[PDB]
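Enquirer: Handing you a structure now.
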Amino acid sequence: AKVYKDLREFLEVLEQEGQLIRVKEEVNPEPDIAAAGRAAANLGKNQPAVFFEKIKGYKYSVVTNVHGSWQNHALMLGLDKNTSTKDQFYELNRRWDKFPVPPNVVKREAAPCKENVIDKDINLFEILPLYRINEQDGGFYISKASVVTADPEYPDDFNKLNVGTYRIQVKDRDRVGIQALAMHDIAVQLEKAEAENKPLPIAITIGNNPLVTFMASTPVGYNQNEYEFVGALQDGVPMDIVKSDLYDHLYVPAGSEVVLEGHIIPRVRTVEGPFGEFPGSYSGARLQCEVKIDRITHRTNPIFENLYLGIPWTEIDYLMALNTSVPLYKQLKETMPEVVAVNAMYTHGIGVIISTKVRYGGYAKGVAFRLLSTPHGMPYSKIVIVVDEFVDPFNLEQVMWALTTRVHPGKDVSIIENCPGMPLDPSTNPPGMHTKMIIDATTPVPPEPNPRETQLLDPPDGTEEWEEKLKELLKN
Amino acid sequence: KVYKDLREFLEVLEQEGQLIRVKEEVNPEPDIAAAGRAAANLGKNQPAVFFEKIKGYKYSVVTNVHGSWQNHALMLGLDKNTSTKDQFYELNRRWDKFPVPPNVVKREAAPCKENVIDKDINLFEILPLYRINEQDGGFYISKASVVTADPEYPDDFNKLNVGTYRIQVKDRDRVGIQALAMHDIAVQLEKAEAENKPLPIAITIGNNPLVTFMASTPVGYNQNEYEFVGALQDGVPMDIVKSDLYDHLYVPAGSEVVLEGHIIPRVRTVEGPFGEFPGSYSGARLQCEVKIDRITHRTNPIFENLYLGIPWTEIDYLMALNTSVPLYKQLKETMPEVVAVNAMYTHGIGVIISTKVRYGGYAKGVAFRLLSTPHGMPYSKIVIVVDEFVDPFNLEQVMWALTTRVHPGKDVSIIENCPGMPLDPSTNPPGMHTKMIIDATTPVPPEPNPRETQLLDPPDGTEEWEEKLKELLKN
Amino acid sequence: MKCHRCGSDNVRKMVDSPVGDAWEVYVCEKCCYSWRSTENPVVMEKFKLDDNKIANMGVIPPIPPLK
Amino acid sequence: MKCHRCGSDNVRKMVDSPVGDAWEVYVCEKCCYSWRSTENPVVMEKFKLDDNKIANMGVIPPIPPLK
Ligand SMILES: [Cl-]
Ligand SMILES: [Cl-]
Ligand SMILES: [Mg+2]
Ligand SMILES: [Mg+2]
Ligand code: NA
Ligand code: NA
Ligand code: NA
Ligand code: NA
Ligand code: NA
Ligand code: NA
Ligand SMILES: [Zn+2]
Ligand SMILES: [Zn+2]
């Protein structure tokens, strides 16, 4: 499984596989890079990454829709470009169990991201072809970005160093705005720093190995380092990291195109947004943190890996399809081996379908309870459907069967008020706070009484052989 | 393409590569069922299988006639590869031709009158009866169009109703019919049983696929299904003939077999169990018995039966559109805001409705109408309502509407002690289920909404950029 | 020159196009709204701002006490 | 002369009595309140209006989008 050390190796593979097209003509950035991203995802299947070679005002280039298709998703894992969805899901399920794969620290001279340094008058526009993603966005945004922060209380604990993806609004030549949502790991570290009026060191990386971008958006535990997961997804091959210039305890990928070293200004909020998000709607403007860019390191001829998001199943929905379902499945399975599979591809896990064996009566509700007490599912998952072991949670047709034949709304549907919510969900009336709904679409198991018959029909005797005899007769 | 009998349709199915012949002799018990299950298991382009020789019987059988979208399209006279939504829109059009009076023909002109059986009656002589599922209570007649007339108004042709009911063979000349309480036949049976008088009945087998289609369609009581057949044939009236023993009773002229008899009044016997469409066995109950008084049939009759079981068997294809179309029309008559209705899943127990929201809470009103319709009041248990722009047939989009437009504090409503369907194995008080309505629509005034829920307009050049990308990919 | 989102005149140039005279970028500094000199923006009436709305805007995440 | 419901001075005469000098009718034009010169109206404190209440008053029926 070909493993990539930088974004450039992956892009080269994408082109060799016919999953990358080059826009050689110059194109002004405002309406076009956004439109190309929407059109690319609108292509439906085999959507390629589009590479812009020339932008009206800027020196360097940009790439959109890098992750925006199952083909690209498969090549990211080093698999055949046409590997199926569940084939990739099972491949992630395997490599995941190699979890602790210590990264490889390299000298500064060996890191391509340290080729150029900007410490005098700082200007993001000099190196990044900033553009507007959606019309009513509050400014130019950096959507696909891996952000590195460390715990102020335990700055030496490498496990508590967390890298994740957060949207970044450019507000000046040297200052940007980050959405430190309350339920994500970065907010835990920011609270410790702001409780002492101390700044929080931060490193914003752009244009990395697709696996790094993958783990960034993955809701793993706080005490789990995402770099160690990347080595597992590379099937044991450790990834290369280097220490930040300005901050120790801060490690960034060695093959990053751009690294922004800075700090979050403490106890300060400014007008961030609005911004078109994955629910297909604009998210209103709020008072969010500001970050001061202290230094820039970047490779010569840097590449801007940004993405378009909007009416669902843009590039971001492909990115979040499997990196949300896998950790939710593993987190459930640790306590409950009866769980078969978990589907959390829909709107970033706000809707989840879980397949499980029912150990004893009511066990389905307990699985839902575990899902609703997980780092991601507690604030995100609003609708949790639980189906039997033999129902494929990825097959909505089958889920529709389980809903119609196994759900007694008197008992199987449970609605719980005033539970943790996600503000980006435009349905939550108290924003960031939604009422949960649990649906037990499993067949009753003792000691749950069941006066009715509900066991499935065993197919007639020769059905297996008759399938072949029918296929054979048809070959005429 | 319009068909007058089952044989014309079978000929078309074979010309289109949607029918295969089992020329070898085959045992009736484990095989006809297995072939039916295997046929549907093929996934796509499932053909009908025609059995030429059965171990004990003289005549032949046909299974999985309706068991694929290809066959469903050829039924409507369309191209074999016509899409699902194309067929749905074609039905939406022909439906508006509703009253198309059928054509009554002389007895000599009806092929179903070619042979008559009046002496010692034996169904097994003419019908290759077989067992459908292992634990079934006996040999069943699944696909059958049953003709009954209202005893109170036996001359009103509108109150003559034809529908599909499962029939268990209990003797050479007696069978058991499932007269479910919510179906039209139960209305006529109650009128007859209230006077201890029998109810005349005619059981037809092997008909024009459109006749079988309308039988299973939940149209109103005062609407004759033969008149709908003429509409679905794009104005070509269908041919009917009067029954031998009973006036007021009309059967299709091109039927393979007609069983003329009567329902024995105020009597129930052990019917079932029988594997039904939810994929489970339905328990045995005390159901009506029918006495066969006379048989008319065409020479060399063909037994059009179907297999049903774990869902998406032949029956699930048959009921896919004949349930959604009348529900859409019934809703649309009162509420023009409705866009489309999806009731293909387990015979309408789950329904997804696409609609414009005229005013705040209108989605709940649409659900109320569906739950007060002939088929949705007893059948529909879970009703999801989505916006105008959501395709109710695209479960991916429906999942998006659920995740982004449903606030379970207000949008989910659960109502106890409503009319139910006993075949649904979830009903704890059997035949009685608690309804659930899900309002996955975007709030409209005067419903307060402090949040921003409007959808993003695509960036400017997306239309042209779609072409420029497709062209760049052609390198 | 005024800001298209809040109508304040406290707007200044943020940066010039790195290559040539292609375009410029302006920033509000009262509500942080930025835009390019090429794109003529028309902010929807729902997304406009005044000093009153910025006041009761809500912070994410909350600022903790100081100890 | 001021309006009895909102206190604005932008009030004018609406009509004269068709027969003789019986009475006149006045209209607010800031809140649409009309009254006859004979009846001395005293608007209850519940029903009075200011520029603030008229702003967030709520419409019947809603205005649709434009297409
Ligand atoms: Cl909002
Ligand atoms: Cl039962
Ligand atoms: Mg983390
Ligand atoms: Mg009827
Ligand atoms: Na992460
Ligand atoms: Na961590
Ligand atoms: Na259940
Ligand atoms: Na009728
Ligand atoms: Na019918
Ligand atoms: Na709603
Ligand atoms: Zn402004
Ligand atoms: Zn006034």
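Here's how to read the names in the structure tokens: chain A, B, ... by the order shown, residue numbers from 1 in each chain, ligand numbers from 1 in the order shown.
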Report chain C as a tab-separated table (two decimals) with N, CA and C atoms, in the first residue's frame in the frame of chain D, after least-squares superposition over all C-alpha atoms paired in order.
Expert:
```
chain	number	residue	atom	x	y	z
C	1	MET	N	-52.00	69.13	17.53
C	1	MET	CA	-52.73	67.87	17.74
C	1	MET	C	-51.85	66.63	17.56
C	2	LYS	N	-51.94	65.71	18.52
C	2	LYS	CA	-51.15	64.48	18.53
C	2	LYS	C	-52.06	63.27	18.36
C	3	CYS	N	-51.44	62.13	18.05
C	3	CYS	CA	-52.16	60.88	17.93
C	3	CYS	C	-52.31	60.22	19.30
C	4	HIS	N	-53.50	59.68	19.56
C	4	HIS	CA	-53.79	59.11	20.87
C	4	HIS	C	-53.17	57.75	21.09
C	5	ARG	N	-52.70	57.08	20.04
C	5	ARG	CA	-52.17	55.73	20.18
C	5	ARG	C	-50.65	55.68	20.24
C	6	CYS	N	-49.96	56.53	19.48
C	6	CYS	CA	-48.50	56.55	19.45
C	6	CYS	C	-47.89	57.90	19.79
C	7	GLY	N	-48.70	58.95	19.94
C	7	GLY	CA	-48.18	60.25	20.30
C	7	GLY	C	-47.45	61.00	19.20
C	8	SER	N	-47.59	60.59	17.95
C	8	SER	CA	-46.95	61.31	16.86
C	8	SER	C	-47.77	62.53	16.48
C	9	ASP	N	-47.08	63.57	16.03
C	9	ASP	CA	-47.72	64.78	15.55
C	9	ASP	C	-47.94	64.77	14.04
C	10	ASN	N	-47.58	63.68	13.36
C	10	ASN	CA	-47.78	63.58	11.92
C	10	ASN	C	-49.20	63.12	11.60
C	11	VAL	N	-50.20	63.78	12.18
C	11	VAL	CA	-51.60	63.42	12.02
C	11	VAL	C	-52.30	64.48	11.18
C	12	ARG	N	-53.21	64.03	10.31
C	12	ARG	CA	-53.92	64.92	9.40
C	12	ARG	C	-55.39	64.52	9.34
C	13	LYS	N	-56.20	65.42	8.78
C	13	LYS	CA	-57.62	65.16	8.61
C	13	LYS	C	-57.85	64.21	7.45
C	14	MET	N	-58.72	63.22	7.67
C	14	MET	CA	-58.99	62.22	6.64
C	14	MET	C	-60.21	62.58	5.80
C	15	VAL	N	-61.29	63.02	6.43
C	15	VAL	CA	-62.53	63.31	5.71
C	15	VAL	C	-63.42	64.18	6.58
C	16	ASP	N	-64.30	64.93	5.94
C	16	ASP	CA	-65.32	65.72	6.61
C	16	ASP	C	-66.65	64.98	6.58
C	17	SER	N	-67.53	65.35	7.50
C	17	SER	CA	-68.86	64.76	7.53
C	17	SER	C	-69.59	65.11	6.23
C	18	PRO	N	-70.11	64.12	5.50
C	18	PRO	CA	-70.75	64.43	4.21
C	18	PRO	C	-71.91	65.40	4.31
C	19	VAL	N	-72.56	65.50	5.47
C	19	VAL	CA	-73.71	66.37	5.66
C	19	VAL	C	-73.38	67.36	6.77
C	20	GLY	N	-73.22	68.63	6.40
C	20	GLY	CA	-73.00	69.67	7.38
C	20	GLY	C	-71.63	69.62	8.04
C	21	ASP	N	-71.56	70.26	9.21
C	21	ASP	CA	-70.36	70.33	10.04
C	21	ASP	C	-70.45	69.39	11.23
C	22	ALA	N	-71.02	68.21	11.04
C	22	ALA	CA	-71.26	67.30	12.16
C	22	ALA	C	-69.96	66.91	12.86
C	23	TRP	N	-68.96	66.50	12.09
C	23	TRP	CA	-67.73	65.98	12.68
C	23	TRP	C	-66.66	65.88	11.61
C	24	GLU	N	-65.44	65.56	12.05
C	24	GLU	CA	-64.31	65.29	11.17
C	24	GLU	C	-63.64	64.00	11.62
C	25	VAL	N	-62.78	63.47	10.76
C	25	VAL	CA	-62.05	62.23	11.03
C	25	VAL	C	-60.57	62.47	10.81
C	26	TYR	N	-59.74	62.04	11.75
C	26	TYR	CA	-58.30	62.23	11.68
C	26	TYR	C	-57.59	60.89	11.61
C	27	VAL	N	-56.40	60.89	11.01
C	27	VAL	CA	-55.62	59.67	10.80
C	27	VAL	C	-54.18	59.93	11.21
C	28	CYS	N	-53.55	58.90	11.77
C	28	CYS	CA	-52.20	59.05	12.30
C	28	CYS	C	-51.14	59.07	11.20
C	29	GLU	N	-51.17	58.09	10.30
C	29	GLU	CA	-50.21	57.99	9.21
C	29	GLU	C	-48.84	57.51	9.68
C	30	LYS	N	-48.64	57.39	10.99
C	30	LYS	CA	-47.49	56.66	11.51
C	30	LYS	C	-47.87	55.28	12.04
C	31	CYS	N	-49.12	55.12	12.50
C	31	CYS	CA	-49.62	53.82	12.94
C	31	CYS	C	-51.03	53.54	12.42
C	32	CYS	N	-51.59	54.41	11.57
C	32	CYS	CA	-52.87	54.21	10.90
C	32	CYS	C	-54.09	54.39	11.79
C	33	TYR	N	-53.91	54.82	13.04
C	33	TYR	CA	-55.04	54.97	13.95
C	33	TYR	C	-55.93	56.12	13.49
C	34	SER	N	-57.23	55.83	13.34
C	34	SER	CA	-58.21	56.83	12.95
C	34	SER	C	-59.23	57.01	14.07
C	35	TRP	N	-59.80	58.21	14.14
C	35	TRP	CA	-60.82	58.51	15.14
C	35	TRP	C	-61.63	59.71	14.68
C	36	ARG	N	-62.85	59.81	15.21
C	36	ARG	CA	-63.77	60.88	14.85
C	36	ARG	C	-63.62	62.05	15.82
C	37	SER	N	-63.87	63.25	15.31
C	37	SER	CA	-63.69	64.45	16.13
C	37	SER	C	-64.64	64.47	17.32
C	38	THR	N	-65.77	63.76	17.25
C	38	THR	CA	-66.70	63.73	18.37
C	38	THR	C	-66.19	62.83	19.49
C	39	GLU	N	-65.95	61.56	19.19
C	39	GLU	CA	-65.50	60.61	20.20
C	39	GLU	C	-64.11	60.99	20.70
C	40	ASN	N	-64.00	61.29	22.00
C	40	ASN	CA	-62.69	61.52	22.60
C	40	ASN	C	-62.09	60.19	23.03
C	41	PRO	N	-61.14	59.65	22.28
C	41	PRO	CA	-60.62	58.32	22.59
C	41	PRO	C	-59.53	58.36	23.64
C	42	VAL	N	-59.50	57.32	24.46
C	42	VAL	CA	-58.45	57.10	25.45
C	42	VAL	C	-57.95	55.68	25.22
C	43	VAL	N	-56.85	55.55	24.47
C	43	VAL	CA	-56.30	54.23	24.16
C	43	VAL	C	-55.68	53.63	25.42
C	44	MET	N	-56.04	52.38	25.71
C	44	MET	CA	-55.49	51.72	26.89
C	44	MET	C	-53.98	51.59	26.76
C	45	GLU	N	-53.29	51.67	27.90
C	45	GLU	CA	-51.83	51.62	27.87
C	45	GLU	C	-51.32	50.34	27.21
C	46	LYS	N	-52.11	49.26	27.22
C	46	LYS	CA	-51.69	48.03	26.55
C	46	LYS	C	-51.72	48.16	25.03
C	47	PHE	N	-52.61	49.00	24.50
C	47	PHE	CA	-52.79	49.10	23.06
C	47	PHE	C	-52.04	50.27	22.44
C	48	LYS	N	-51.26	51.01	23.23
C	48	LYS	CA	-50.46	52.09	22.68
C	48	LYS	C	-49.27	51.53	21.91
C	49	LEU	N	-48.65	52.39	21.11
C	49	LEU	CA	-47.57	51.96	20.22
C	49	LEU	C	-46.44	52.98	20.21
C	50	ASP	N	-45.23	52.47	20.00
C	50	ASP	CA	-44.05	53.28	19.71
C	50	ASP	C	-43.38	52.72	18.47
C	51	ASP	N	-42.34	53.42	17.99
C	51	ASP	CA	-41.64	52.93	16.80
C	51	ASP	C	-41.05	51.55	17.03
C	52	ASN	N	-40.76	51.20	18.29
C	52	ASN	CA	-40.13	49.91	18.57
C	52	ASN	C	-41.12	48.76	18.41
C	53	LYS	N	-42.35	48.92	18.91
C	53	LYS	CA	-43.33	47.85	18.82
C	53	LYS	C	-43.80	47.64	17.38
C	54	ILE	N	-43.96	48.73	16.63
C	54	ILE	CA	-44.34	48.60	15.23
C	54	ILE	C	-43.26	47.86	14.45
C	55	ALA	N	-42.00	48.00	14.86
C	55	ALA	CA	-40.91	47.31	14.17
C	55	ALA	C	-41.08	45.80	14.25
C	56	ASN	N	-41.19	45.26	15.46
C	56	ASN	CA	-41.35	43.82	15.65
C	56	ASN	C	-42.82	43.48	15.88
C	57	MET	N	-43.62	43.68	14.83
C	57	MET	CA	-45.05	43.48	14.94
C	57	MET	C	-45.54	42.16	14.37
C	58	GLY	N	-44.84	41.61	13.38
C	58	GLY	CA	-45.28	40.36	12.78
C	58	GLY	C	-46.29	40.59	11.68
C	59	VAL	N	-46.09	39.93	10.54
C	59	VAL	CA	-46.89	40.18	9.35
C	59	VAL	C	-47.82	39.00	9.11
C	60	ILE	N	-48.97	39.30	8.53
C	60	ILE	CA	-50.00	38.32	8.24
C	60	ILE	C	-50.64	38.72	6.92
C	61	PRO	N	-50.47	37.93	5.85
C	61	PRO	CA	-49.67	36.71	5.90
C	61	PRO	C	-48.23	37.02	5.53
C	62	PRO	N	-47.35	36.02	5.62
C	62	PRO	CA	-45.95	36.23	5.24
C	62	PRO	C	-45.83	36.64	3.78
C	63	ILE	N	-44.79	37.41	3.49
C	63	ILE	CA	-44.51	37.84	2.12
C	63	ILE	C	-43.60	36.80	1.47
C	64	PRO	N	-43.98	36.24	0.32
C	64	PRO	CA	-43.17	35.19	-0.29
C	64	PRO	C	-41.94	35.76	-0.99
C	65	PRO	N	-40.95	34.92	-1.28
C	65	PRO	CA	-39.81	35.37	-2.09
C	65	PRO	C	-40.24	35.75	-3.50
C	66	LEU	N	-39.30	36.34	-4.24
C	66	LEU	CA	-39.62	36.99	-5.51
C	66	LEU	C	-39.42	36.11	-6.73
C	67	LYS	N	-38.64	35.03	-6.63
C	67	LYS	CA	-38.32	34.17	-7.77
C	67	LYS	C	-37.12	34.72	-8.56
```
Enquirer: Show me, as JSON lines, the residues of chain B having an atom within 12 Å of ligand 8, each with the closest atom pair and its distance in Å, using only C-alpha atoms and all ligand atoms.
Expert:
```
{"residue": "B:99", "atom": "CA", "partner": "ligand 8", "partner_atom_place_in_ligand_line": "1 (Na)", "distance": 11.8}
{"residue": "B:146", "atom": "CA", "partner": "ligand 8", "partner_atom_place_in_ligand_line": "1 (Na)", "distance": 11.6}
{"residue": "B:147", "atom": "CA", "partner": "ligand 8", "partner_atom_place_in_ligand_line": "1 (Na)", "distance": 9.5}
{"residue": "B:148", "atom": "CA", "partner": "ligand 8", "partner_atom_place_in_ligand_line": "1 (Na)", "distance": 9.0}
{"residue": "B:149", "atom": "CA", "partner": "ligand 8", "partner_atom_place_in_ligand_line": "1 (Na)", "distance": 8.4}
{"residue": "B:150", "atom": "CA", "partner": "ligand 8", "partner_atom_place_in_ligand_line": "1 (Na)", "distance": 9.3}
{"residue": "B:153", "atom": "CA", "partner": "ligand 8", "partner_atom_place_in_ligand_line": "1 (Na)", "distance": 11.9}
{"residue": "B:154", "atom": "CA", "partner": "ligand 8", "partner_atom_place_in_ligand_line": "1 (Na)", "distance": 11.8}
{"residue": "B:156", "atom": "CA", "partner": "ligand 8", "partner_atom_place_in_ligand_line": "1 (Na)", "distance": 9.5}
{"residue": "B:157", "atom": "CA", "partner": "ligand 8", "partner_atom_place_in_ligand_line": "1 (Na)", "distance": 7.6}
{"residue": "B:158", "atom": "CA", "partner": "ligand 8", "partner_atom_place_in_ligand_line": "1 (Na)", "distance": 5.1}
{"residue": "B:159", "atom": "CA", "partner": "ligand 8", "partner_atom_place_in_ligand_line": "1 (Na)", "distance": 4.7}
{"residue": "B:160", "atom": "CA", "partner": "ligand 8", "partner_atom_place_in_ligand_line": "1 (Na)", "distance": 4.8}
{"residue": "B:161", "atom": "CA", "partner": "ligand 8", "partner_atom_place_in_ligand_line": "1 (Na)", "distance": 3.6}
{"residue": "B:162", "atom": "CA", "partner": "ligand 8", "partner_atom_place_in_ligand_line": "1 (Na)", "distance": 6.6}
{"residue": "B:163", "atom": "CA", "partner": "ligand 8", "partner_atom_place_in_ligand_line": "1 (Na)", "distance": 8.9}
{"residue": "B:183", "atom": "CA", "partner": "ligand 8", "partner_atom_place_in_ligand_line": "1 (Na)", "distance": 11.1}
{"residue": "B:184", "atom": "CA", "partner": "ligand 8", "partner_atom_place_in_ligand_line": "1 (Na)", "distance": 7.9}
{"residue": "B:185", "atom": "CA", "partner": "ligand 8", "partner_atom_place_in_ligand_line": "1 (Na)", "distance": 9.7}
{"residue": "B:187", "atom": "CA", "partner": "ligand 8", "partner_atom_place_in_ligand_line": "1 (Na)", "distance": 11.4}
{"residue": "B:188", "atom": "CA", "partner": "ligand 8", "partner_atom_place_in_ligand_line": "1 (Na)", "distance": 11.0}
{"residue": "B:214", "atom": "CA", "partner": "ligand 8", "partner_atom_place_in_ligand_line": "1 (Na)", "distance": 10.4}
{"residue": "B:215", "atom": "CA", "partner": "ligand 8", "partner_atom_place_in_ligand_line": "1 (Na)", "distance": 9.7}
{"residue": "B:216", "atom": "CA", "partner": "ligand 8", "partner_atom_place_in_ligand_line": "1 (Na)", "distance": 12.0}
{"residue": "B:217", "atom": "CA", "partner": "ligand 8", "partner_atom_place_in_ligand_line": "1 (Na)", "distance": 10.7}
{"residue": "B:218", "atom": "CA", "partner": "ligand 8", "partner_atom_place_in_ligand_line": "1 (Na)", "distance": 9.8}
{"residue": "B:219", "atom": "CA", "partner": "ligand 8", "partner_atom_place_in_ligand_line": "1 (Na)", "distance": 7.5}
{"residue": "B:220", "atom": "CA", "partner": "ligand 8", "partner_atom_place_in_ligand_line": "1 (Na)", "distance": 6.6}
{"residue": "B:221", "atom": "CA", "partner": "ligand 8", "partner_atom_place_in_ligand_line": "1 (Na)", "distance": 4.7}
{"residue": "B:222", "atom": "CA", "partner": "ligand 8", "partner_atom_place_in_ligand_line": "1 (Na)", "distance": 4.9}
{"residue": "B:223", "atom": "CA", "partner": "ligand 8", "partner_atom_place_in_ligand_line": "1 (Na)", "distance": 4.1}
{"residue": "B:224", "atom": "CA", "partner": "ligand 8", "partner_atom_place_in_ligand_line": "1 (Na)", "distance": 3.7}
{"residue": "B:225", "atom": "CA", "partner": "ligand 8", "partner_atom_place_in_ligand_line": "1 (Na)", "distance": 5.8}
{"residue": "B:226", "atom": "CA", "partner": "ligand 8", "partner_atom_place_in_ligand_line": "1 (Na)", "distance": 8.5}
{"residue": "B:227", "atom": "CA", "partner": "ligand 8", "partner_atom_place_in_ligand_line": "1 (Na)", "distance": 9.3}
{"residue": "B:228", "atom": "CA", "partner": "ligand 8", "partner_atom_place_in_ligand_line": "1 (Na)", "distance": 9.9}
{"residue": "B:249", "atom": "CA", "partner": "ligand 8", "partner_atom_place_in_ligand_line": "1 (Na)", "distance": 12.0}
```
Enquirer: May I ask you to extract the residues of chain B within 12 Å of chain D, using only C-alpha atoms, and to give them as number ranges by chain?
Expert: B: 358-360, 444-448, 454
Enquirer: Under the rule of at most 7 Å, produce a per-residue listing of chain A near chain B: chain, number, name, the closest pair of atoms, and the distance in Å, as JSON lines, using only C-alpha atoms.
Expert:
```
{"residue": "A:21", "atom": "CA", "partner": "B:473", "partner_atom": "CA", "distance": 6.8}
{"residue": "A:31", "atom": "CA", "partner": "B:460", "partner_atom": "CA", "distance": 5.8}
{"residue": "A:32", "atom": "CA", "partner": "B:461", "partner_atom": "CA", "distance": 6.4}
{"residue": "A:34", "atom": "CA", "partner": "B:459", "partner_atom": "CA", "distance": 6.3}
{"residue": "A:35", "atom": "CA", "partner": "B:462", "partner_atom": "CA", "distance": 4.5}
{"residue": "A:36", "atom": "CA", "partner": "B:465", "partner_atom": "CA", "distance": 5.7}
{"residue": "A:38", "atom": "CA", "partner": "B:462", "partner_atom": "CA", "distance": 6.4}
{"residue": "A:39", "atom": "CA", "partner": "B:466", "partner_atom": "CA", "distance": 4.9}
{"residue": "A:134", "atom": "CA", "partner": "B:459", "partner_atom": "CA", "distance": 6.6}
{"residue": "A:279", "atom": "CA", "partner": "B:404", "partner_atom": "CA", "distance": 6.6}
{"residue": "A:280", "atom": "CA", "partner": "B:455", "partner_atom": "CA", "distance": 5.5}
{"residue": "A:281", "atom": "CA", "partner": "B:455", "partner_atom": "CA", "distance": 4.8}
{"residue": "A:282", "atom": "CA", "partner": "B:452", "partner_atom": "CA", "distance": 6.9}
{"residue": "A:310", "atom": "CA", "partner": "B:456", "partner_atom": "CA", "distance": 6.7}
{"residue": "A:311", "atom": "CA", "partner": "B:456", "partner_atom": "CA", "distance": 6.5}
{"residue": "A:346", "atom": "CA", "partner": "B:400", "partner_atom": "CA", "distance": 6.8}
{"residue": "A:347", "atom": "CA", "partner": "B:400", "partner_atom": "CA", "distance": 6.8}
{"residue": "A:350", "atom": "CA", "partner": "B:403", "partner_atom": "CA", "distance": 5.8}
{"residue": "A:351", "atom": "CA", "partner": "B:403", "partner_atom": "CA", "distance": 5.6}
{"residue": "A:396", "atom": "CA", "partner": "B:395", "partner_atom": "CA", "distance": 6.6}
{"residue": "A:401", "atom": "CA", "partner": "B:346", "partner_atom": "CA", "distance": 6.8}
{"residue": "A:404", "atom": "CA", "partner": "B:350", "partner_atom": "CA", "distance": 5.7}
{"residue": "A:405", "atom": "CA", "partner": "B:426", "partner_atom": "CA", "distance": 5.8}
{"residue": "A:406", "atom": "CA", "partner": "B:426", "partner_atom": "CA", "distance": 5.5}
{"residue": "A:407", "atom": "CA", "partner": "B:426", "partner_atom": "CA", "distance": 6.2}
{"residue": "A:408", "atom": "CA", "partner": "B:426", "partner_atom": "CA", "distance": 5.6}
{"residue": "A:409", "atom": "CA", "partner": "B:434", "partner_atom": "CA", "distance": 5.8}
{"residue": "A:410", "atom": "CA", "partner": "B:434", "partner_atom": "CA", "distance": 6.0}
{"residue": "A:415", "atom": "CA", "partner": "B:408", "partner_atom": "CA", "distance": 6.9}
{"residue": "A:425", "atom": "CA", "partner": "B:404", "partner_atom": "CA", "distance": 6.1}
{"residue": "A:426", "atom": "CA", "partner": "B:453", "partner_atom": "CA", "distance": 5.9}
{"residue": "A:427", "atom": "CA", "partner": "B:405", "partner_atom": "CA", "distance": 5.4}
{"residue": "A:428", "atom": "CA", "partner": "B:407", "partner_atom": "CA", "distance": 6.4}
{"residue": "A:435", "atom": "CA", "partner": "B:408", "partner_atom": "CA", "distance": 5.9}
{"residue": "A:436", "atom": "CA", "partner": "B:408", "partner_atom": "CA", "distance": 6.8}
{"residue": "A:437", "atom": "CA", "partner": "B:408", "partner_atom": "CA", "distance": 6.4}
{"residue": "A:452", "atom": "CA", "partner": "B:425", "partner_atom": "CA", "distance": 6.0}
{"residue": "A:453", "atom": "CA", "partner": "B:425", "partner_atom": "CA", "distance": 6.3}
{"residue": "A:454", "atom": "CA", "partner": "B:280", "partner_atom": "CA", "distance": 5.8}
{"residue": "A:455", "atom": "CA", "partner": "B:280", "partner_atom": "CA", "distance": 6.0}
{"residue": "A:456", "atom": "CA", "partner": "B:280", "partner_atom": "CA", "distance": 4.9}
{"residue": "A:457", "atom": "CA", "partner": "B:280", "partner_atom": "CA", "distance": 5.6}
{"residue": "A:460", "atom": "CA", "partner": "B:34", "partner_atom": "CA", "distance": 5.1}
{"residue": "A:461", "atom": "CA", "partner": "B:30", "partner_atom": "CA", "distance": 5.9}
{"residue": "A:462", "atom": "CA", "partner": "B:34", "partner_atom": "CA", "distance": 5.4}
{"residue": "A:463", "atom": "CA", "partner": "B:34", "partner_atom": "CA", "distance": 4.3}
{"residue": "A:466", "atom": "CA", "partner": "B:35", "partner_atom": "CA", "distance": 5.7}
{"residue": "A:467", "atom": "CA", "partner": "B:38", "partner_atom": "CA", "distance": 4.8}
{"residue": "A:473", "atom": "CA", "partner": "B:20", "partner_atom": "CA", "distance": 6.8}
{"residue": "A:474", "atom": "CA", "partner": "B:20", "partner_atom": "CA", "distance": 6.8}
```
Enquirer: Give me, please, the distance in Å between atom CA of residue A:151 and atom CA of residue A:205, quoted to one decimal.
Expert: 18.1 Å
Enquirer: Run DSSP on the backbone and tell me which residues of chain C come out as strand (DSSP E or B); list them as a ChimeraX atom specification.
Expert: /C:12-16,24-27,34-36,59-60
